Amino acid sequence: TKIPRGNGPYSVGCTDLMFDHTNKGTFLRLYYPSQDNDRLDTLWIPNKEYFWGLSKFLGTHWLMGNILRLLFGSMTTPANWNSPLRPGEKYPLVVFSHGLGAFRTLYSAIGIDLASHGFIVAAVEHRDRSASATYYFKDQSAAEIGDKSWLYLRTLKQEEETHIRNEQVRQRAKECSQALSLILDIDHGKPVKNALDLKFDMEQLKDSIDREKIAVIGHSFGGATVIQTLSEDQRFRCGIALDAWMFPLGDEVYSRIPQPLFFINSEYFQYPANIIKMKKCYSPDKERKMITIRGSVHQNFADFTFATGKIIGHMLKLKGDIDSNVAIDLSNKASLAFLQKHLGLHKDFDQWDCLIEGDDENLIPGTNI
């Protein structure tokens, strides 16, 4: 696997939590500082249906699903699966929202680095039919059996795109909020039976959250999810939008976001009509920051940027001109500086305060647009 280990001093564990078991319940992947660093064995894409899901998203035949599955079906990402949570400290919490065509496990590079710097991360799987695929259970006994019910991406007609994308970003914000509630409630002793039978005991999460230091982060569609979630839920104290796709937002959200907001853009994805929505969020009484990662493409924020070689990567637009490790470090470090400054963290992340300003050879302050 070429998915980067986290650059931070904590060891990183991973597990999955679904609660309740239904289609309206919460599904998320957890990355967290783990007690021991025994084995980086987490299955990156853990079900065949996601490869089928991806193929349907990409426009590909029925065979490409099996091809992708053959290429990546056993690839790991460097986190200790179900490793005990590192005790003795409350950690700041991040809720992460995946982009269109993605699902909870495709942003592990981002998540693992955050976790290795002291964060618990909850990457939610959206059930708005924006994920290539996702599942839930029809009743308790199905959950007990692992008898899954799969939900696949919804292709939209042009007539639909305005209404349905806005309905989806609303649902998405509600799922970020629901997920946050699940964690906060586990943090304060709510007994939960995970709908997945995993070794990780959710009891460990009791009193492990620093409840004042919460952020929502999100890529593309997830970028828009960030802005919508902020406007609804003041439990999120800041937001970080990775190359947001602003189209889903109604004009009412811009006036309603008090919390700090950080836009991190790829150089090659942005276009004026999208950027102008980002500038709408700007007000003298608010903190908004924007940097552009030089020579990066849209997919630089997702794990598939580390899934192929240089040439194939460029061909598929999984990779930009910039090295994918240099990109995602600049994005993780800028973020860490932003999270420290606005969550009030007592760590050394402010050593990358310059990166919030785009003060790097590989950063454009603001936007080229």
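Each form is matched to the other, and the largest set of C-alpha atoms that superpose within 1.5 Å is called the rigid core. Throughout, we count residues from 1 along the sequence that is shown.
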Quick one: core-superposed, which stretch strays further from the shown model in 8 other deposited structures of this protein, 39-47 or 318-326? Go by RMS C-alpha distance. 39-47
Say the other structures are aligned on the rigid core; which stretch then has the higher CA RMS in 8 other deposited structures of this protein, 61-69 or 333-341? 61-69
Between 207-215 and 161-169, point out the one with the higher average CA B-factor as the PDB entry records it. 161-169
Tell me which stretch, 71-79 or 111-119, has the higher mean Cα B-factor listed in the entry. 71-79
In terms of recorded Cα temperature factor, pick the maximum from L106, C176, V192, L230. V192
Per the deposited B-factor column, the C-alpha that peaks among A302, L339, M64, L28 belongs to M64
Looking at the C-alpha B-factor of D353, is it in the lowest, middle or highest third of its chain? middle
Split the chain's modelled residues into thirds by Cα B-factor; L343 lands in the lowest
Among the modelled residues of its chain, the C-alpha B-factor of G101 falls in the third labelled middle
For the chain shown, is the CA B-factor of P258 in the lowest, middle or highest third of its modelled residues? highest
Divide the modelled residues of the chain into thirds by Cα B-factor and specify which third, lowest, middle or highest, holds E267. lowest
